[PDB]
Amino acid sequence: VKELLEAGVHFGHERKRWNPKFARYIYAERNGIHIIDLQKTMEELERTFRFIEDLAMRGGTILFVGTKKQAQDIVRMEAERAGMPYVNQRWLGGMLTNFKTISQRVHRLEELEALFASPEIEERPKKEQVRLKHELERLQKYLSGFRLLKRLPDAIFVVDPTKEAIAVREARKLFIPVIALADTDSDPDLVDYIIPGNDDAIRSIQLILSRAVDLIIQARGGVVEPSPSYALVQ
RNA sequence: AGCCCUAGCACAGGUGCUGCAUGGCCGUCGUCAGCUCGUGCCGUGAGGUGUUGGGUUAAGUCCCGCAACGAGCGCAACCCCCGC
C-alpha cells in the first residue's frame, strides 16, 4: 500500500534553496517550487527498505535522528515502536564519534534510576535533592532514545541530512551507513541509501518512517495497527 | 677503662661572600574569576573549539543556547567567632 499515498501531498517540497546534486531526483519546477519524481522515489525506496530487511532480520541496530519540529515527537514513537534508539532533542557532538565518552553520561544517568527509588529518595542535604533530581532532567531530556545504544549502531536513519549534517559526518567517518529521508537541500552523494521525499511535511515523515519501522517488526513477526502516531493534525 | 690537664694529628669555628647556585617560608598582582586537562571536532601548522554568545551572579554563580561531552587547580560549601 504505497503508490498514491506519498502522492497524497508528500512529493515535491523545497523551492530554489536547492542543491543541484539533486537534479536527478526531480520532475519539474511548477509554480516556482521543486516537485520530486515519485517513480524515482520508489526506485530508491525499495533498495532502501531492502537494505532495512537484510540488516533488520540480521538483528541490527538503526539509530533514528529527527530534530525538526515536524519530526521530533514522531521519532520517539516509531523508534520506540521498534526498540530502536533515537535522537530527538539535540544531536550532541561526538555521539557516534566520542561515543565511549558521551556514553559515560549514560553510565551516570541510570545511577539515578537507582536513587530514584532507594533509601536516597527523601533525604541527603536537600538542596542536593532538587539539583541531583533536576540533573536527571537534562539527562532524560537529551538521552531519551540514546540510553539504549550500548554499542555503535549498524545504521543511522535521518530525516534532514542538511539539518543533521553533523550526525551524518560522524557516521561516514565511522563507515556507518547513512539512511535518510532527504529532499532538495541535502547532498545525496553522502547519503548511502536515499529516500528522496520531504524533510518537512509531518504527514510525509510519518507515512515513510512508520512504514519503515513496519519492516523492522515484519522482519521479526507481529505487525499491528496503523501505529500510535497520527499527530495533532491541523 | 671513663674523664679531665700539656705537646702534636685528623677536624671544629666563621652573622665572612654569593638570595643571580638553592630548600624552606613570606610579600605581590589578588580573594582578582580566573588558569587548565581528557576525548572528540577544526586547522599543513603554531593553535583553535570546550572557556565564545544571550540572561544572571559577589564569582568560569547558575540558567538558556552551542561540535562538543565532561573533568581538575579555582569560586562556593564542609571549620571558627557573633546574632534567636
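In PDB author numbering, the protein residues as written are 7 to 240.
Where is the CB? At the ideal position from N, CA and C, for every residue including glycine.
Exposed unless 16 or more other CB atoms sit within 10 angstroms - verdict on residue i
i	result
residue 106	exposed
residue 124	exposed
residue 236	exposed
residue 228	exposed
residue 131	exposed
Backbone secondary structure at residue i - three-state DSSP
i	result
residue 207	coil
residue 163	strand
residue 36	strand
residue 17	coil
residue 80	helix
residue 229	coil
residue 7	coil
residue 239	coil
residue 41	strand
Test item: CB-CB of residue i and residue j under 8 Å
i	j	result
residue 83	residue 70	no
residue 68	residue 159	yes
residue 221	residue 77	no
residue 218	residue 200	no
residue 191	residue 9	no
residue 44	residue 12	yes
Residue i CB to nearest heavy atom of the ligand FAD below 7 Å
i	result
residue 89	The model depicted lacks the ligand FAD and carries no ligand whatsoever.
Unbroken beta strand (DSSP E) run spanning residue i, endpoints
i	result
residue 68	68-71
N- and C-terminal bounds of the alpha helix (DSSP H) containing residue i
i	result
residue 105	105-115
residue 133	133-148
Unbroken alpha helix (DSSP H) runs of length 4 or more, entirely within the region 173-227: which are they?
208-224
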